[PDB]
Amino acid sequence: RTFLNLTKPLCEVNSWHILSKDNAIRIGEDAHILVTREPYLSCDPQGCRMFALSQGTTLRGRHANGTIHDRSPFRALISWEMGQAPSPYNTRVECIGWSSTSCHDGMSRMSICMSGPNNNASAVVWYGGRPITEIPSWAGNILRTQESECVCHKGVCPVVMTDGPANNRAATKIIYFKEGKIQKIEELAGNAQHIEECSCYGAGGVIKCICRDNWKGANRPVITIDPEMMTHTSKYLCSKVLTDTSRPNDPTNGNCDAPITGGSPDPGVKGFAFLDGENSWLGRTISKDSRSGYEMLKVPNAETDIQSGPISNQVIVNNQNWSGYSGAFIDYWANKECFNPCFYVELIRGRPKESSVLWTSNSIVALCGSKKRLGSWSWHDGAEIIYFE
């Protein structure tokens, strides 16, 4: 048992294989399944787990009514064995609140949750199942974090947090933890103008976080973090293949150093990419407008070339089915010479897109890279909304 070091490069990825699916809404139609949203996965030396923010109610429960609402005192980060659906019986409460991240440093798991009212939220930082550090809101406006896993190197686990407006300049910080204790705090530097919901992964001693600009950009901000020097830079994804939602049509050229405006009607969604020269993959919703469908696009030099476009594609969720947030994770403890990219897609069901029920929840699908050329189908949620009416 030892601290994870980010000593490996990313594996070559030519297609995506199925890792896990929990079928939570199908199962939750009859079994005692918690209402969730903002799911993710995170691994440790022993295996991988599913994570999400509970709403503190089952899906068929009367208290599912009103679960469109993002923030309440009844939310908590919960984790469970990958592939099961989240029930009150198989879930571990990681921390209490309505925004989270989690990661394993090789020794123990750090989990962070924000809670409180909009103007006075706070984070509690847990390590090894115990509370270590507390962080008060610095801007008084929904202190919040990644909603997917953080990444650790030599015990140092950077986390990106934001406090301030969703629709204007906000105060983003990079906090570097070790065993749950703050080693350093940096204010966001560089050319990213707005940061939400970073999706992060590590390779070759570098952590890259692909985020959501909720203010201006339909191109995604990219934060590049050195966990040894505990320093960073920021800019935007260069590619013309825009990957936030909502977004306009892809332009003839991207923009590395400024947000590309447009899209309607949504200011953003959490998403991700793996950036590795030729071996670069962008996720996005198939719909330009709404959280519908999900596709993976291989976009060589997306990080550096404004003219970069796709050379291959894999549909993950067809555009007749609802998607949601998406994020990066890696099983850093696999028995491989390279770190293999993985991602999840949150499959949102109910409100607001499906108004015939009173609730909002999700299920999860996760995939990882293959070097092979694998066939694919749509991994949509699979529940029949009419059964809940």
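When you see a residue number, it is the position in the sequence shown, counting from 1.
Here the stretch with the larger average CA B-factor, out of 262-270 and 178-186, is 262-270.
As recorded in the PDB entry, 330-338 is the stretch of 22-30 and 330-338 with the greater mean C-alpha temperature factor. Sorting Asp163, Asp250, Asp244, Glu197 by the CA temperature factor given in the entry leaves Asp250 at the top.
Take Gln146, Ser115, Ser87, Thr231 and read off each C-alpha B-factor from the entry; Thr231 has the highest. Ranked against the other modelled residues of its chain, the C-alpha B-factor of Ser280 as given in the entry falls in the middle third. Split the chain's modelled residues into thirds by C-alpha temperature factor. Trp215 is in the highest one. The entry lists a Cα temperature factor for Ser312 that places it in the highest third of the chain's modelled residues. Sort the modelled residues of the chain by CA B factor and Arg75 lands in the lowest third. Compared with the other modelled residues of the chain, the Cα B-factor recorded for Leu59 ranks in the middle third.
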